[PDB]
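Reviewing the structure listed below.
6 protein chains.
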Amino acid sequence: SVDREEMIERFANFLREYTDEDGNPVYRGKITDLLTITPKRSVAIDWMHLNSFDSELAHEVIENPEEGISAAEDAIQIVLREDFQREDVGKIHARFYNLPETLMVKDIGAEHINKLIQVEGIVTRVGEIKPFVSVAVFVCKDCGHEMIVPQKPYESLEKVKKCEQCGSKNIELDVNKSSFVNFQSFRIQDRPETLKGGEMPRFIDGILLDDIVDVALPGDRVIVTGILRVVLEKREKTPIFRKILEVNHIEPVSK
Amino acid sequence: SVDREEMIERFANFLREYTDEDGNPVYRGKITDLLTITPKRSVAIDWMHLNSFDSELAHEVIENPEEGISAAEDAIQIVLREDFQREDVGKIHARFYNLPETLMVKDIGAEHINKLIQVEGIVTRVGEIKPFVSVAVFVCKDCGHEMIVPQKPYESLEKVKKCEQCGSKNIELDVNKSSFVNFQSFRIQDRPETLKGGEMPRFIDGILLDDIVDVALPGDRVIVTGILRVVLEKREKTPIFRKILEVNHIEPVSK
Amino acid sequence: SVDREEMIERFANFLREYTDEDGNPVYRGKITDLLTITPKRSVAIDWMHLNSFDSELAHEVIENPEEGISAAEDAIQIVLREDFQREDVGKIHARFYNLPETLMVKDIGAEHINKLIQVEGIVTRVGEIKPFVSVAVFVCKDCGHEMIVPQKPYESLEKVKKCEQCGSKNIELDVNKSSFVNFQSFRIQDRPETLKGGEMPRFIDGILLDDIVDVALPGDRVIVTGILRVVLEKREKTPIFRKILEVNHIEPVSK
Amino acid sequence: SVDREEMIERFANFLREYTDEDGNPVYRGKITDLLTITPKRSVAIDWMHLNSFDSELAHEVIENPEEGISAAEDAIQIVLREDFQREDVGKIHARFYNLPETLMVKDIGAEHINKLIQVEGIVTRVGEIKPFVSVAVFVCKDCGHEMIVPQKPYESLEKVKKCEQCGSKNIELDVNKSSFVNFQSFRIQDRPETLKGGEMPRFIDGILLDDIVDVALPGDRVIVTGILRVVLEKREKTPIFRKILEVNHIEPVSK
Amino acid sequence: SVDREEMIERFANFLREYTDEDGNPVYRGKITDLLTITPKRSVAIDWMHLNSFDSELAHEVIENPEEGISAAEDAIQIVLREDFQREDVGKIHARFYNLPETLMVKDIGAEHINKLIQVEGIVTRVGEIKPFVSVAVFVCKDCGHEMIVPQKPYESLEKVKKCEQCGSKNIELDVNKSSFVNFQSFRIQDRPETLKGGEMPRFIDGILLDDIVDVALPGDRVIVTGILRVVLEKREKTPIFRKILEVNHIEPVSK
Amino acid sequence: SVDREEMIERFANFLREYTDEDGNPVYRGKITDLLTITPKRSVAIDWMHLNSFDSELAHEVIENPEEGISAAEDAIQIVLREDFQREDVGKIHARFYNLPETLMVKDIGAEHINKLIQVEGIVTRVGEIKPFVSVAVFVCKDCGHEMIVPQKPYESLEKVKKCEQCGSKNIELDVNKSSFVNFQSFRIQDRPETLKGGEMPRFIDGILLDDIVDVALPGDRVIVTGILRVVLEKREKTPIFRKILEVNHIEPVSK
Ligand SMILES: [Zn+2]
Ligand SMILES: [Zn+2]
Ligand SMILES: [Zn+2]
Ligand SMILES: [Zn+2]
Ligand SMILES: [Zn+2]
Ligand SMILES: [Zn+2]
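Protein chains in written order, with the deposited numbering: chain A, 0 to 254; chain F, 0 to 254; chain E, 0 to 254; chain D, 0 to 254; chain C, 0 to 254; chain B, 0 to 254.
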């Protein structure tokens, strides 16, 4: 594998040095679009650009999308600070698109768990848009100590009943110090055009966070990139799992 | 930010010194209307008046509506005592209206949590009117000690199983010493006129207390000001939240 | 307020000394009607009579109906013993009627909790008639000690898991030593004649005990007097309350 | 009241000495009918006979039907042993009929709890016939000790988690040593002939044990004697009760 | 009663010595039919044969069917070993038929609990055929000790949370060492021919094990012999019971 | 029985030495087909081939399919390493087909528990395809120790609340180190052609793992081989069991 520390360096270097056919550093341009009047909160990164620049790294985001995306996001922060003199910008997402192989909902299985995959499909359902705690801060009601606990949208809420410093059992979730972002579920199934003869469309539930929330409604067909995540079924006692697609990138397709 | 102590002083000074086009101190007049035969229990404050008089403070009520409204209410109490020789008047509400930006139900999201927002919409549902304990007094059944515990209409009831003085586990809610006000839920969604082409109306549940209860019924379109509050969903184990609008001001709009 | 001890003295003196236009002590007469063949178990008291005789006390029953009615009932017991030579008569109810202001079901709110109110309305529902334990006696299955615990018809049953004398956890409810009276729920809402133009009738659930049970059925319009009581909603975790009218006096009205 | 010990003596003396118009000791005859080929398991006792012979005792069965019926049943056992030389006969029921006042289902209330009452009515429902443990024997799975615990058909099952001798928590219900009798529920309501003008028939659930099980079906109108018993409603937390009629005697009436 | 030890001796002697009209020992013949190519797993025993040979014992199987059937089955095992030189044969059932009195479903009651009864009726329902653990073997996951716990098809599963030897709480049900047989429920009610004039057919649920499973379907009228067993109703807190017929012998009847 | 150690040796020798009519070692060929471009993850083994080569072993897979299949799979791994110089190949399934006796769904019973059986039938239902943890790895959140716990698709998930090394109660399921395969339920019942005259089709639920998942849909008639497994019914307190067929081999049949 590729070191975390090192992976960032190669991502920084990719952003600032990759050029298209005419020599324009495209990622410089994109990183610039984070600074305008009505800015963007994320950088869409074309996998093919990355693969042509550093294919070893390109493969490591599909194999380890977690440390990969995190590395890229740190890198974006670096070039902002070093090259644009901007430190006080928020979380900026790294959103990879246009992956080598694009598979169908029916093709998704155990061999994808924790790996970035591209999926074509059609949106069947969309949730209402609720707040998610991306980072919860628990404050000790007694000694006043603060504890930072990042959360995961597909997992359950990780509380902490005991104070890490004084050890009192009087703790609460501090909504002001905590970090919320918009959250939205959606369902996506295989497109009935690519199927049948008497076949059954399979589906997959997925989640959308922050800036990519609300991009789609029922009927829209889409290409989405994401991580395939598993979580045990309701009862929490069967060795069988429920699969959710933590979306990293969406875009419509003109039918 | 602005100090609590200081924030009150600026609010007092705003109430007694702000004048309209002709020089009538309007808030003096309003504070006066608390003392008539069939009095009012609140002072509607026009944000624009405030902004023109002290814009730093005006912005601090939208950013910190909790300490802001509380400050204003204390100030009302001060001018009553100092300028009208009235101390025995009850809780008088500070109700801010006419905010700079007025957003739609569909626009409400994580970025509004704990911030005063203005919302235009249409009332879909209204609850029946129940008593709420705005302040509960728990009395020790054993040593007879009294404990004051203010409540929040959107949160759950905060009991106290242990006596703060003698430490006995025999305590009850004393309905006479406790403070009740009327409570009423309502639902408000985006107005179908400002939507569609095939779009879905989003909604938000909201709460009404004391003097503003029962001001509206299903069908009425309204402009409401309030705080966007979050509370975890039923199960209390998912890091996803339910959003409620603790209303600070309502008024109809003649359709 | 008025002392409990003293309040009784003034009620005794009201019963035996108040006379109508011709000088007949009406309450002497009423107290007498408790002693006939098919006696009554309560004395209806006309508020106006009381107000004209002792208005300070008359106001204290509307403000403190609990200690007020209780005081009056003790007084009845006194005149029975002192003036009729009767000690072995049961609980005799004090039932106040004809109060100064008579409000509607829609007018009932937080500002009435624990205060005697008069309400006009129409009966929508009536419960089946069940036994209520007005006074429960718990007996220790071990040391045989007896403990008296008066109950409230709108509250839940107050048990006692521990023996007050020997401290054994083997206790039961002794049905023979305990005191039961008939109990009956009913619903009353605003009369559709005093409403609408497109308005919604509000309702209130209420309870009837002992001699006043079974006085009314669905369709009958009535004027009832009673105490407005609150109790938390099902879950027992929301600071919102359910309101029940513990009836102190009912009478039909010929429509 | 009348002593238990003594009450038996007067019952024995009633059975063997009471004579009708011609001098036949009727209860001797009845007690004799317990000994034939297809015997009876109970003695029907005509209240009027008893009242004319010993009215003090006759009133004590209506006031204390529990110790009264029990006394009578012990007495039957005495005359069997002393006068018929029969000891090995089973439980023989004392079943009182023809009481002074016969009231209607709608008349039944809190003033009857634990008192023998006569009721006329019509059977609406009958249960299927299940076994009831009239006496449960619990055996210690460890030290083999036996404990006798009589049960009540309207109450719940009284277990015993702890051994009275060795104190082990390994105990079970021994079906062989335990005593079972047939049990059958039924519903009886006021007869529609004795009602209306727009009136609602009230009902009461009742239970039948052993030899009187299966005596009636839906449609049959009956006069039943029995004890009015109370037991708390489902939740077991409201001071309101459910009333059941533990039947002591039934007989049809030719409509 | 009759001793267990002794009871077996008389059963052995019955099997090998009872002869019909011509002197053929019929039970020798039957015991022989356990040894053929497609053998039987039970010996039907005609009660009348037994009664004529040893009526004291014949009555003890109707009074104590549990120790009686068990005794007979041990005896079959004895003659197999002693007279046929066969030890490795499985559990062979003793299935009694043709009892003196044959009663109807509606006649079955508390006076039959734990006694072999014959019943005529018609099959209304039959369960699907599931495996039952006739003998469960629990193995200690820690010290590897094995514990044998015979089960009852009408009772619940008797686990054992603690190891009888080392006392560890890590135990599981070992499916390989445990003994399973086929199980099948059925319902049988009184035949509508032997009823009515406006009468209601009563029913009884029953169970079938091992070789007698699947012998009947809905519509078939049958004569079954079995034990009447009781078990408490769902809640497990009312002293009322549910009755099930543990079938010991079935046979069709040509309608 | 046959030793585990030894059983493998005989299986290795069967794979590499068994030849058909022309002398081609068929299993060499099959093991070869695991190595191509789009390889297979299992070796279908024809029972008849095995029976003709080593019938003692052939019978031991039907009697002990668990240790049998496991032995065969180890053997496949041996020939791969020793004869193909391949060690890094995954789990490869041993899938036995064409057994001596092929029985019907209605014929399946307690006498098959834990034995490989062949079943003909028709597919009625098929589950959606979920991930199953074939091997769970639990990691200690405290001392970082790893524990391997193989799971069973028909059983429940076997957690481990205590750390095997440090003994901390802070443990979680590590999805990355854990092993997942696709899982799919299906229902199969007797074919209506081989039945009736007024007969009822019986059914059996079954499970498919890994490479054999998704091979069939409702309507397809099939011959499947598998293990008959039992597991207690929902409540987990009745000695009755639910039967599931852990499929070891499927194939369609052209109707
Ligand atoms: Zn702390
Ligand atoms: Zn205290
Ligand atoms: Zn005690
Ligand atoms: Zn014991
Ligand atoms: Zn052990
Ligand atoms: Zn550890």
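For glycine and all other residues, C-beta sits at the position ideal for the given N, C-alpha and C.
Beta-carbon contacts of residue i that lie in its chain and below 8 Å, excluding the five residues immediately before and after
{"i": "C/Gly89", "result": "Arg40"}
{"i": "D/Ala11", "result": "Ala74, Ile77 and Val78"}
{"i": "B/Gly225", "result": "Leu115, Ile116, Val118, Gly205, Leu244, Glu245, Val246, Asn247 and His248"}
{"i": "D/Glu55", "result": "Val1"}
Residue i CB to nearest heavy atom of ligand 6 below 7 Å
{"i": "C/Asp173", "result": "no"}
Distance cut-off 7 Å: residue i Cβ against heavy atoms of ligand 1
{"i": "A/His144", "result": "yes"}
{"i": "A/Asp141", "result": "yes"}
{"i": "B/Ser178", "result": "no"}
{"i": "A/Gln164", "result": "yes"}
Alpha carbon of residue i to alpha carbon of residue j, nearest angstrom
{"i": "F/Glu154", "j": "F/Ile206", "result": "11 Å"}
{"i": "C/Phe137", "j": "C/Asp19", "result": "47 Å"}
{"i": "F/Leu227", "j": "F/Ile170", "result": "34 Å"}
{"i": "A/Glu5", "j": "B/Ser177", "result": "27 Å"}
{"i": "B/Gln84", "j": "B/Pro24", "result": "18 Å"}
{"i": "F/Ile121", "j": "F/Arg201", "result": "11 Å"}
{"i": "B/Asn50", "j": "A/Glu100", "result": "46 Å"}
{"i": "B/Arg80", "j": "A/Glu8", "result": "41 Å"}
{"i": "C/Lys160", "j": "C/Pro152", "result": "21 Å"}
{"i": "F/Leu244", "j": "A/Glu127", "result": "16 Å"}
{"i": "B/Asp45", "j": "B/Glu65", "result": "17 Å"}
{"i": "A/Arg190", "j": "A/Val118", "result": "11 Å"}
{"i": "C/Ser184", "j": "C/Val212", "result": "9 Å"}
{"i": "C/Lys242", "j": "C/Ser133", "result": "20 Å"}
{"i": "B/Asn113", "j": "B/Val60", "result": "11 Å"}
CB contact check: residue i to chain B, cutoff 8 Å
{"i": "C/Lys140", "result": "no"}
{"i": "C/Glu127", "result": "yes"}
{"i": "A/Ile239", "result": "yes"}
Cutoff 8 Å: residue i Cβ touching any chain A Cβ
{"i": "F/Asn113", "result": "yes"}
Test: residue i CB closer than 8 Å to a CB of chain E
{"i": "F/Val223", "result": "no"}
Neighbourhood of residue i by C-beta, 7 Å cutoff - its chain only, sequence neighbours within 5 removed
{"i": "E/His111", "result": "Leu227"}
Residue-level contact to chain D via CB, residue i, 8 Å cutoff
{"i": "E/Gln183", "result": "no"}
{"i": "C/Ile61", "result": "no"}
Below-8 Å beta-carbon distance, residue i vs any chain F residue
{"i": "A/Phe202", "result": "no"}
Proximity test, residue i beta-carbon vs ligand 5 heavy atom, cut-off 7 Å
{"i": "C/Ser184", "result": "no"}
{"i": "C/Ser133", "result": "no"}
Residue i beta carbon near ligand 3 (any heavy atom closer than 7 Å)
{"i": "E/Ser167", "result": "yes"}
Within-8 Å CB hit, residue i to chain C
{"i": "B/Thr31", "result": "no"}
{"i": "D/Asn175", "result": "yes"}
ask   = Curious, which full-length beta strand (DSSP E) runs of at least 3 residues does the region 4-53 of chain F contain?
value = 41-45
Uninterrupted alpha helix (DSSP H) stretches inside the region 71-106 of chain C (no shorter than 4 residues) = none
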